Structures are given as structure tokens and as C-alpha cells.
């Protein structure tokens, strides 16, 4: 409870298909993270705290979420695009 955001951050990225499957992507499958590598970076700590209020994250998972966000710091946020068959085991 406390919805506010004054900074203009509407960066549209619809046309996205990640052939950019890094080592962090292999590690995301290994730890079975409920969000993609890209979305860990695009969610700030304040907003991400809402996600950990629902689902607890283990010591290994938090270490990966820490490392990924420092590497690919750019905001290439994939928006609503009909869904897609992502190459993943779940």
C-alpha cells in the first residue's frame, strides 16, 4: 500500500526473442527461478520485495538474483506479446 512513480520509464520492447541465453540463463534453469533472467534486472528492489512477500527465495536463488542484476543492468523489459514457447524445463 503506497503506489507512486513520478519518473518517465515507459520503454516499450515488444519484438523480443532471447537467443541471448547466457550462463545466468543455464543457472536460472539449475536453481528453477519463477521469473526470467531479464525480469530479475527490470524489477527494482522495492518492487521485487512484493514478489518475495508471496514466494520465499533460498540462499542459492538470492545469490543468482544478486549477480544477474549487476551484469545486464540495461532495461530491455519484454512487454505483453501474445506469450511465447520459451526453451525451458520448469
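Based only on other Cβ atoms within 10 Å, what is the fewest-to-most ordering of 35, 48?
35, 48
Taking every alpha carbon pair in the chain, what does the distance histogram look like in 5 angstrom bins from 0, in percent?
Bin by bin from 0 Å, the calculated values are 2, 11, 22, 24, 21, 14, 5, 1.
Using Cβ contacts closer than 10 Å as the measure, can you line up 67, 24 from fewest to most?
Ascending Cβ contact count within 10 Å gives the list 67, 24.
Which of these, 27, 69, 16, has the largest mean-square fluctuation under a Gaussian network model of the chain (Cα springs below 10 Å)?
Highest fluctuation among the options: 16.
Cβ: placed from backbone, ideal geometry, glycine included. Neighbour counts: every protein chain shown. The numbers here are math on the coordinates, done by the rules we state, and not lab data.
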